[PDB]
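Engineer: Just dropping this structure here.
For neighbour counting, all protein chains shown are included, and Cβ atoms are generated from backbone atoms with ideal geometry for every residue, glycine included. Rule-based calculations on the coordinates, nothing more; no lab input.
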Amino acid sequence: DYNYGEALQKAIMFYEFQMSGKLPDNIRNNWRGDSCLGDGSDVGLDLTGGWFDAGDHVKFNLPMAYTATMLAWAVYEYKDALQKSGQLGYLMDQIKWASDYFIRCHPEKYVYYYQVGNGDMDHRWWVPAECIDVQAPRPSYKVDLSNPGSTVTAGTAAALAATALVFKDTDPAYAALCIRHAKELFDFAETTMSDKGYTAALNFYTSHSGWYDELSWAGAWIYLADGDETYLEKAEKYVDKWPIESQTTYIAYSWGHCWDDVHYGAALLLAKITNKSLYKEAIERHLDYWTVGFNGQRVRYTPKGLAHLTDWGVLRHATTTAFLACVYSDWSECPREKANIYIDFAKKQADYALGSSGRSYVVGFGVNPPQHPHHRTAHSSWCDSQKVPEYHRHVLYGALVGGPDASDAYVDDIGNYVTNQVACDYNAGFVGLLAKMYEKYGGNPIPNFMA
Ligand SMILES: OC[C@H]1O[C@@H](O[C@H]2[C@H](O)[C@@H](O)[C@H](O[C@H]3[C@H](O)[C@@H](O)[C@H](O[C@H]4[C@H](O)[C@@H](O)[C@H](O[C@H]5[C@H](O)[C@@H](O)[C@H](O[C@H]6[C@H](O)[C@@H](O)[C@H](O)O[C@@H]6CO)O[C@@H]5CO)O[C@@H]4CO)O[C@@H]3CO)O[C@@H]2CO)[C@H](O)[C@@H](O)[C@@H]1O
Ligand SMILES: [Ca+2]
């Protein structure tokens, strides 16, 4: 099969290319430099760090927090396989990079900065990250009690709780700090029950499915990290306000786990914590609908076997559902017949990202990978133009692209920010999927690999 170790190595390295702020000397590549060192200056804070969201230089905290949580989840489930691959250290460094930034965004219990950079203005400039902050201001945006944002604060709480979970055995003091922040952010979200102040991300990362699944998401992670039963109880309380499948009274099953809908993953977590049939039925309904089908309906598939939920970041969706399939099928309480269907599904989605259709969809990996991702800093224009140079100056190793259409059709095109898009949330579940594939099938990573 494909070299899952190499793919895992590169999928993790992808995040180094997304880093904002003062880079550590530990970094492997030689083309990224310090950037956006004034972030937060407009409000007197150090809000540097974190990840650029996609091929732009806005820091969008909702997908950033989702990403950090998923990366931590990969460590939690597959620590041993990640240590064997030699990549656990790099992944842990990235998790802490994001969470260090979330902490800086939380200077008071009820004040949280959820964005740095203006979307419309950042996107007018096709310039690399080391030059972006010379061309336009970069305002900071926040929510408070008078102007709240329950979705993003609860999402960040989940990220910091999961970070403490995986750092507990390494940096107890850091885990205790993350936990303290996570519980405060959760209270902030639950007390306000509103997204009125979550405005700067409008038309970029608007919350459409509600903050109640983010509360269950965060509550489960806080319980797994601290054991505080208060947050497990609250998690179960808000299940009744998760999205429901239209024309039914079921919990929604026909979409997938993503930055805007985290109730799928929360249902998996709450299943393993409590072993209640409510959560087991809901997740198995989901994963059944995505494999064999459920009640005569089934997620659509391309003829070449890709589970194709929607045209926007299709590989993101298929590899993230595949990751959830890995976790659930590894669980002893998963029916045996189901586990083999779910893990077969997961491997075929991984193989499709890596080359099964005839080409790889991971930049810098496999056969004929994408070469022109919609990414300003890997391209590196010298004149504010997507077309100049006609080849990217730098290889964005590990980046999973948007992907093909429902008939397996795709073409490289730097200008298509749907098919050729790359982003933090695209690679997040992907990392966890590749960890499992490495565990079960191996493939060695490249020795002494540097970009
Ligand atoms: O009911 C169905 C289920 O819906 C779920 O919610 C969905 C939601 O409905 C859907 O809308 C949402 O779609 C999001 C994508 O999934 C997500 O990947 C995407 O992230 C974008 C980000 O929004 C965007 O800012 C960024 O692209 C930038 C790009 O970097 C930049 O270069 C470009 O700049 C160009 C300018 O646009 C152009 O004017 C100028 O001329 O040229 C510039 C370049 O030179 O601008 C774009 C901005 O679009 O990329 C990232 C990466 O993709 O955001 C989407 C937000 O709508 O997904 C949700 C989750 O599936 C519910 O959750 C579920 O319950 C329902 O069942
Ligand atoms: Ca939500």
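Engineer: If you take the square roots of the eigenvalues of the alpha-carbon gyration tensor of the chain and sort them as a ≥ b ≥ c, do you get rounded (a/c under 1.5), prolate (a/b over b/c) or oblate?
Structural biologist: Rounded shape, in that the Cα axes give a/c under 1.5.
Engineer: Here's a follow-up. I need the GluC sites (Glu not before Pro) found in segment 336-445, filtered to DSSP loop residues with at most 13 other beta carbons within 10 Å of theirs.
Structural biologist: Qualifying residues, ordered by number: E390.
Engineer: Something else: As a footprinting exposure proxy, order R180, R316, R300 by other Cβ within 10 Å, with the fewest listed first.
Structural biologist: Final ranking by Cβ density, sparse to dense: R300, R180, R316.
Engineer: Quick check: residue separation of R336 and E108 times 0.36 nm, minus the Cα distance between them. What number comes out in nm?
Structural biologist: 77.3 nm
Engineer: Take the alpha carbon gyration tensor of segment 114-186, find the square roots of its eigenvalues, order them as a ≥ b ≥ c, and report rounded if a/c is under 1.5; if not, report prolate when a/b exceeds b/c, else oblate.
Structural biologist: oblate
Engineer: Could I ask something else about it? Using modelled amide H (1.01 Å from N, peptide plane; none on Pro or chain starts), what sits under 5 Å from the amide H of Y301, excluding residues fewer than 5 places away?
Structural biologist: Those qualifying (amide H under 5 Å, at least 5 residues apart or on another chain) are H308.
Engineer: Taking amide H positions as placed 1.01 Å from N in the peptide plane, with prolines and chain starts having none, which residues 5 or more places from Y112, or on another chain, fall under 5 Å of its amide H?
Structural biologist: Residues meeting the criterion, in which the H sits 1.01 Å from N, are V143.
Engineer: Separate question: From the phi angles alone, apply the Karplus equation (6.51, -1.76, 1.60; θ = phi - 60°) to segment 438-446 and give each ³J(HN,Hα) in whole Hz, x where the residue is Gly or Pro.
Structural biologist: So the J values, rounded to whole Hz, are 4, 4, 8, 10, x, x, 8, x, 6.
Engineer: Read phi for every residue in segment 382-388 and hand back ³J(HN,Hα) as whole Hz from Karplus 6.51 cos²θ - 1.76 cosθ + 1.60, θ = phi - 60°, with x for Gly and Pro.
Structural biologist: Listing the rounded values in order: 9, 8, 6, 9, 5, 8, 9 Hz.
Engineer: Would you mind classifying segment 263-405 by shape? Square roots of the alpha carbon gyration tensor eigenvalues, ordered a ≥ b ≥ c; an a/c under 1.5 is rounded, otherwise it is prolate if a/b is larger than b/c and oblate if not.
Structural biologist: Prolate, since a/c reaches 1.5 and a/b exceeds b/c.
Engineer: Please give the FRET efficiency for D408 paired with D169, using the beta carbon to beta carbon distance and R0 = 51 Å, rounded to the nearest 0.05.
Structural biologist: Calculated value: 0.70.
Engineer: Continuing with the same structure: What does the helix-only formula give at 222 nm for the chain: each DSSP H stretch with n ≥ 4 adding -39500 (n - 2.57), the total divided by the residues, and the result rounded to the nearest 500 deg cm²/dmol?
Structural biologist: -15000 deg cm²/dmol
Engineer: Let me ask something else. Compute, for the chain, the length of the dipole vector about the Cα centre, with Cβ point charges of +1 (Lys, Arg) and -1 (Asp, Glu) only. Units Debye, rounded to 20.
Structural biologist: Value, rounded to 20: 620 debye.
Engineer: If we count other beta carbons within 10 Å of each Cβ, what is the order of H392, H57, fewest first?
Structural biologist: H392, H57
Engineer: Then there is this: Under the rule of at least 5 residues apart or a separate chain, name every residue whose amide H is placed under 5 Å from the amide H of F60.
Structural biologist: Under 5 Å from the amide H of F60: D53.
Engineer: Arrange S254, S385 by Cβ neighbour counts within 10 Å, fewest through most, would you?
Structural biologist: By the 10 Å Cβ count, ascending, the order reads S385, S254.
Engineer: Quick one: 3J(HN,Hα) in Hz for segment 262-269, Karplus 6.51/-1.76/1.60 with θ = phi - 60°, rounded, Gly and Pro as x.
Structural biologist: Once θ is set to phi - 60°, the couplings for segment 262-269 become 9, 5, 4, x, 4, 5, 5, 4 Hz.
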